[PDB]
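**Student:** Provided hereafter are the protein sequence and its experimental coordinates.
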Amino acid sequence: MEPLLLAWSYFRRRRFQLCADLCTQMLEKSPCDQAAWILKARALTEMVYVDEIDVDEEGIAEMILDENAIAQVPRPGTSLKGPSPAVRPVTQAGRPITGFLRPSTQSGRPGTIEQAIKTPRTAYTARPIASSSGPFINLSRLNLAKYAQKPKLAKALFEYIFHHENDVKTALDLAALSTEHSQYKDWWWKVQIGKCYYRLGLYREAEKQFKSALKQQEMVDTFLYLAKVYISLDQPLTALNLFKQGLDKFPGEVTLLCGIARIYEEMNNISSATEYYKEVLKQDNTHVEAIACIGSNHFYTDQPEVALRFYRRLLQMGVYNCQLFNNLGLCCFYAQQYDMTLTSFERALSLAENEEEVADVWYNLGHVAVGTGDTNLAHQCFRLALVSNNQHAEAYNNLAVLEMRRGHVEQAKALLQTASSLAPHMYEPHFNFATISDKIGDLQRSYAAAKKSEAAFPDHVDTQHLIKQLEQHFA
Amino acid sequence: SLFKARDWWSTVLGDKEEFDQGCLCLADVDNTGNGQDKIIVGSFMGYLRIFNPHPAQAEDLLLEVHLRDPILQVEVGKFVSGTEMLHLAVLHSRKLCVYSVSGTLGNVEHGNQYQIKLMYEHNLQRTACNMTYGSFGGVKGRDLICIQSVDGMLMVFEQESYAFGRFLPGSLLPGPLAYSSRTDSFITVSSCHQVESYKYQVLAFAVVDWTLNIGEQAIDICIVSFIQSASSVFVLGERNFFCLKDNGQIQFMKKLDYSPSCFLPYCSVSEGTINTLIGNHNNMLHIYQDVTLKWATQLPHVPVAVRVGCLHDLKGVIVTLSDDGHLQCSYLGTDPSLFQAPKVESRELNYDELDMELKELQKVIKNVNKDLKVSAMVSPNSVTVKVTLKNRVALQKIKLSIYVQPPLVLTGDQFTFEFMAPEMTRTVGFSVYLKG
Amino acid sequence: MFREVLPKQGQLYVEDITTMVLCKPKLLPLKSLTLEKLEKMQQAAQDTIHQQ
Amino acid sequence: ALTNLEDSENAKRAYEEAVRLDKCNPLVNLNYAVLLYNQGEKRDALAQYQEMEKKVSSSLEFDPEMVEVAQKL
Amino acid sequence: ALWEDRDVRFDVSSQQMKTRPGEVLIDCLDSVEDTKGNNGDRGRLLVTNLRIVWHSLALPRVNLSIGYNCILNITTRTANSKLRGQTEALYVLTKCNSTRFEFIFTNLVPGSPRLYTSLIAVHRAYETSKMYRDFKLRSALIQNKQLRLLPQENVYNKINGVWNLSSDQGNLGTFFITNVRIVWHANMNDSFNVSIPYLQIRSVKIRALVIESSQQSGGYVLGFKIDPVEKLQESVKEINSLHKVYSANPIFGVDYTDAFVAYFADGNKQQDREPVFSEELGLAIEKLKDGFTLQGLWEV
Amino acid sequence: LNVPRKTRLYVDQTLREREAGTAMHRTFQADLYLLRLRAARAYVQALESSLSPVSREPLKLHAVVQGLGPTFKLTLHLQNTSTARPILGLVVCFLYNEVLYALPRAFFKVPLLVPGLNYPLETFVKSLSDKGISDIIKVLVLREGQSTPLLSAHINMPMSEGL
């Protein structure tokens, strides 16, 4: 009823528009009221809040122009920098496609600025890469030396400056004055200064504050923060020891086990990431990350029924996506459940909020069709995948395979050239182009294509026989 | 049905009303003594409603009284000075009212009426925010009430009148208040992230017994005491979930990945542990054994102030109340249902119309595999050219551009026309001149 | 009461012939919650820009 | 398979396609004779039996149904 | 008597789809394909005053009728991006006599999706107005001393001292007569009030003012007694007249086969086993199915 | 060998298939019919709008965008895919939002396309909005005597990262 009370109760119920809407009134009515002031600050900063732990873009500049790893060429198995590409689709030379895209995924790194620019913008991150990773209150007007004295105001004000305005320097000024006001005895200000540092670039100066905050009071937050810091310095085996220390503190934490599994998958030894995702399951059993990862791994290691179970679980827990339903369709078809197969693809096509998701669903429908026979339906589905996403290399490759099945060799050659131009990291377009060339002749093009195939999937077999035959023809 | 909250007696509770925490209470305000609880809900729109649900039906709603001022945090406790019978407390923003729901019976299912009498009231100087109730100190058979204020002050009533009132040291936005009986302490969560416990006799003498700097501000704090072996205090933040000891340090904590709205540590099972259930803003309930998820369910609405109670011979029914006005008693769904296409022999694929459309589309496909006039006029004189375009059918999103050569430069390049009715002429005029 | 007889011998390849391979079915990876929130906050700004 | 999918007309036309497109495999003729005899005809089942016996020899279980659809027709 | 807003019917007749007297059509949309049943057949959707109807528009026999007192959730899904225009979809979740259905309605032609909005609106108008067509006990009807009237409602007769022959000592109470419903409060602890709608009344006779309910609120016989019977028969005759003139054209106060088996919201489940206690979890849980266990259903 | 292993899930699924094979067959055939219907529908709609970058009359075009910052390099890789037949009269026309992108030459002739060579034809797109706004850009390749595009392509321009 009353303004302040109704606004605060709107805040408790996570409205975040009404709260501010009543405080703006209550502030116009009285220029001297700090309760509604910091309440509107909280509402504004929480309409946009996103926890700093899972925000690890890094970007193109950090990837090359910033060197922090001590060892330049460390032993294979101690640095971050399964099914073969003949079964599991790939994204780079290696790095098979993963389940559960998270905005911290790097999934390989480019070598030079030119390569990173001249590639698709979303081939090394979940979002397109960036070079660098009225108003309620004007930051240049308030004296942070006076709000630092009042911690009740200072905490919400720092959260506002950091997560709403993204002013790391003024946030760090406020946090420094606040920490010196608390005589360096509250772990929260230490963690916040460490976050300011970590997104300023100073990792060691942030690891110092995170360690000093762990000494004050163990919290899952500081453990994950140190994990991020250590992963940024390219030190997996330090992060794993720190995670096992945290699990010694918190015996069954799910985020710590999930971080261990993420590190094991970045190092690409799935035989332990599955164990740790299974521990996460034994703890949560609704975890979307572990369920999706174990489901994908179960699907690609020729066990599609277990993957269908793992994805029906996510269906049972109210998850309603385009990805989930296309996955259910692939699993139902390949696990030989032909009644619930195509309705899942229909729900997928219904739920797709993009033009690339629609293209992927049409690609998978073409796979279903070509598994059924009737190559014309798959032809149409691949052409629609192209019509939806012009830069869809798998559709080009499959449509060229079907074209050469029909007989049109030049169409297949052009389409395979387009596919291999869009995705060089794939091996199928190169191998097919080399095969058709060798079939007609042109052993130079066959060599230039089979060598790129071997560069893409270096443990292939038919590529090796092709290269042997070619090098034999050259003498 | 697996992992859904299957429905029991459910209802919608008004005309775009609004509730909050403390609204949903669940006890024997009728003082029958049989164990079956009764739902009590009061919005800050004004209406106080009490239900005795049976597994929609008309006679379920015991009463739907309306008070003038809004209602905050209905409670059920021994709020009368004389007897040991449960009374219902209604906290309006600037008012306290203890009632008594007395139900008299008639010789038919719907001949029984229910009378609430205002046992006593209390004018509130400050504006109330929320309250707690308990046997402060070591008293028994009494339920004193400690109400907070929106501006920090906490005022304590000894079940009859205004006992006292002390200001909380250093708080701006009032957080959740609770009272621990195994330590006789008022525990709150100040705006500055400090979970603070004050001994009762310390406040009565007016300071902090202890503090703990959790990472956030808490939405709710629920001190549960049905276990006398190892006491604990639950604190649900807006980003985490702590269970603290009685001295002041974290016994354990969970870093939730969702946004909680309500939680309730209900009756436990194992030795020492405590089952708890938390409600997302993603419409789910989670059932932890203190850190470890034991079950999860997909609720209908965003739960506010869930409760668990024995309603009509069924123990442990979960009663949820949204803030828009919904309300629902429910039981977990434990029926794994075969994933299989429905057998509907009646519903057949209509081959005639579908084949007609497919023949049409395939005809277009196999056929393809085998409106506007523009004119330009140059003046006889930097020569001024004029371009006239005229449409037959109505056209849209028209863009006209001119390209001469590198050296020659135009004074106008692009011209945009929007929709145009049929048989409408459009003229543009630009000038071309040599530059170089 | 006669049951149709099925051949007990399948078709066996007697030579490996180089056939053009198809790309493989692509399981669409799911998203996190932070990623969905970031994309929605990125598109809400666009929507407000267009709606002014 | 079709015969077991509650679609006998499609099985009829598929067997017609097969017998037109098969030259040196009597199993098709015997199976079409079995389908016909199970359909209650017993008329064209003799035609398929005679087509098979014109086509013809090693399978153990195609031998018995050869003689059982013979004697019962 | 009235089922249009109380049931969910499949393969309905060409007559039951027609607007009931009190019903009134609001909005319509052609080419709305039906899904959750993969017949891939188009149709036509109608958002009436009391229920939502869908008929195949090519074989108008097969159809759907969903009442508004049997829907729980209505969700609009804007997807299927740039490839064509932004087309919508309607997800309706229904629970009739403890059986959960779900229907999906796909707007094929992306040129007219406005319908899916108005429905939502009228559904609110259906729920914000239940004192017009439903029976309620002990509600919050009375103001300080007078009745709180519905929008389309005015009082006819204002009688004091009308007893209630269903209780013992809390009887004497006022009797309000209106054009939509008749109410009686208790004039002493005025929360024992009954608000009977004309829609639920079956026959008003005397045995004494006996009022019977129409098999929906059960056989609820209501008995009242007044001062000398002159005003009594007067009230009875005027009540019968108002009942008939209302039943002529109902108001509803809304301001502004195997078919079922293919529409289950659960999936091959039209059931709810007896909810029994659970010693494992401590909650009332649905009975387990002949060998299954909780810790075996939970794991994967 | 590495022959796989099947759990209880597999035998339960095969039992369901053995007991309910007819319904699965029928419903999968119905779903396949509906899928053919919808695929033909979308193919006809694409032919109508001529949105296929691959479509007698042999051609193949796809547009690549490169570069962050307010200026992007947009290179159209176009290719004649035929045995031996060049294509003389063709021309490319861009469709953009003239308030967000400043294309210098939004329409230009294409060279004589020799069968087998990928011609990169590039342009400089430039973002004009001071606020980050990502809008699609259409490309139409069409004859000079006809008005219906021979083929088309789409490009979602990324964010500007301006100043």
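**Tutor:** All right, it came through fine. Numbering: from 1, shown residues only, chains lettered A, B, ... in the order given.
**Student:** near chain F, which residues of the stretch 51-200 of chain E?
**Tutor:** For the stretch 51-200 of chain E, the residues in contact with chain F (CB under 8 Å from any CB of the partner chain) are E:82, E:83, E:84. (C-beta placed from N, C-alpha, C; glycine too.)
**Student:** part of a strand, is the second one?
**Tutor:** Going back to what we said before, that points to residue E:83. No. Applying DSSP: H, G, I helix; E, B strand; the rest coil, one finds residue E:83 to be coil, outside a strand.
**Student:** returning to that earlier point: of the residues of the stretch 51-200 of chain E next to chain F, grab the buried ones for ChimeraX.
**Tutor:** Command for ChimeraX, covering only those of these found buried under the criterion 16 or more other CB atoms under 10 Å in any protein chain shown:
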select /E:83
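**Student:** TSV please, covering the residues of the stretch 51-200 of chain E next to chain F and showing distance to residue B:266.
**Tutor:** Listed next are those as TSV, based on distance: CB to CB, whole Å:
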residue	distance to residue B:266
E:82	50
E:83	50
E:84	51
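**Student:** the residues of the stretch 51-200 of chain E next to chain F also near chain A: which ones?
**Tutor:** Applying CB under 8 Å from any CB to these, one finds that E:82, E:83 fall near chain A.
**Student:** just the residues of the stretch 51-200 of chain E next to chain F now: which is nearest residue B:9?
**Tutor:** Nearest to residue B:9, judged by CB to CB, of those is residue E:84 at 45.4 Å.
**Student:** my guess is the closest one contacts residue E:109, does it?
**Tutor:** No. Assessed by CB atoms under 8 Å, residue E:84 is found out of contact with residue E:109, at 9.8 Å.
**Student:** off-centre distance for the helix or strand containing residue D:29?
**Tutor:** Assigned by DSSP states H and E, residue D:29 falls within helix D:26-38. Chain-centre distance of helix D:26-38: 1 Å, with CA atoms, centre = their mean, to the nearest Å.
**Student:** from the contact counts, what lies against that helix?
**Tutor:** In terms of contacts (3 or more CB pairs under 8 Å, 6 or more residues apart in numbering or on different chains; DSSP states H and E), helix D:26-38 is packed against helix D:8-21, helix D:44-55, helix D:62-71.
**Student:** for chain C, which of the ones you listed is the nearest?
**Tutor:** Checking those against chain C by CB to the nearest CB gives helix D:62-71 as the closest, at 5.0 Å.
**Student:** that closest one and chain C, are they touching?
**Tutor:** Yes. Contact of helix D:62-71 with chain C (CB under 8 Å from any CB) involves D:62, D:65, D:68, D:69.
**Student:** now for the residues you listed, which sits with the most neighbours around it?
**Tutor:** Neighbour counts for those (other CB atoms under 10 Å in any protein chain shown) peak at residue D:69, which has 22 neighbours.
**Student:** show me where the stretch 151-300 of chain E has strands.
**Tutor:** Taking DSSP state E, counting those that start in this stretch as the criterion, the stretch 151-300 of chain E carries its strands at E:155-162, E:173-178, E:181-184, E:194-197, E:201-205, E:210-213, E:275-277, E:284-286.
**Student:** quick one: closest of the helices and strands packed on helix D:26-38 to residue B:25.
**Tutor:** Each of these has some distance to residue B:25 by CB to CB; the shortest is helix D:8-21, at 66.6 Å.
**Student:** what's the local residue count around the closest residue to residue E:212 other than its chain neighbours?
**Tutor:** Among residues not flanking residue E:212 along the chain, residue E:202 sits closest, at 4.5 Å (CB to CB, 6 or more residues apart in numbering or on different chains). Per other CB under 10 Å, the neighbour tally for residue E:202 reads 15.
**Student:** chain F: helices as residue ranges?
**Tutor:** Secondary structure of chain F (DSSP state H): helices located at F:8-19, F:21-49.
**Student:** just send the ones you listed back as a markdown table, with mean neighbour count and distance to chain D too.
**Tutor:** Converted to a markdown table, these look like this (neighbours: other CB atoms under 10 Å in any protein chain shown; distance: least, CB to the nearest CB, whole Å):
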| stretch | mean neighbour count | distance to chain D |
| --- | --- | --- |
| helix F:8-19 | 12 | 11 |
| helix F:21-49 | 18 | 5 |
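**Student:** distance to chain C for those helices - can I get that in TSV?
**Tutor:** Shown next, in TSV, are these (distance: least, CB to the nearest CB, whole Å):
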stretch	distance to chain C
helix F:8-19	16
helix F:21-49	16
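**Student:** looking at these, which is nearest to chain E?
**Tutor:** Smallest distance to chain E across these (CB to the nearest CB): 4.2 Å, for helix F:21-49.
**Student:** highest mean neighbour count out of the strands of the stretch 151-300 of chain E?
**Tutor:** strand E:181-184 (a mean of 24; mean count of other CB atoms under 10 Å in any protein chain shown).
**Student:** same for it, what does it pack against?
**Tutor:** strand E:173-178, strand E:194-197.
**Student:** what do you get if the cut-off is 10 Å, keeping everything else the same?
**Tutor:** With contacts defined as 3 or more CB pairs under 10 Å, 6 or more residues apart in numbering or on different chains; DSSP states H and E, strand E:181-184 has these neighbours: strand E:155-162, strand E:173-178, strand E:194-197, strand E:201-205, helix E:229-248.
**Student:** what ranges do the helices span in the stretch 51-200 of chain E?
**Tutor:** Secondary structure of the stretch 51-200 of chain E (DSSP state H, counting those that start in this stretch): helices at E:115-127.
**Student:** OK, now which residue of it is nearest to chain D?
**Tutor:** In the stretch 51-200 of chain E, the residue that lies nearest chain D is residue E:62 (22.5 Å; CB to the nearest CB).
**Student:** distance check, that residue against chain C.
**Tutor:** 34 Å (CB to the nearest CB, to the nearest Å).
**Student:** equivalent analysis for residue A:268, please.
**Tutor:** Applying CB to the nearest CB, the value for residue A:268 to chain C is 16 Å.
**Student:** report how many residues lie close to that residue.
**Tutor:** The number of residues packed near residue A:268 is 13, by other CB under 10 Å.
**Student:** buried set for the helix or strand hosting residue A:169?
**Tutor:** Taking DSSP H and E as the criterion, residue A:169 maps to helix A:168-181. Buried residues in helix A:168-181, counting neighbours by 16+ other CB under 10 Å, are found at A:168, A:170, A:171, A:172, A:173, A:174, A:175, A:176, A:177, A:178, A:179, A:181.
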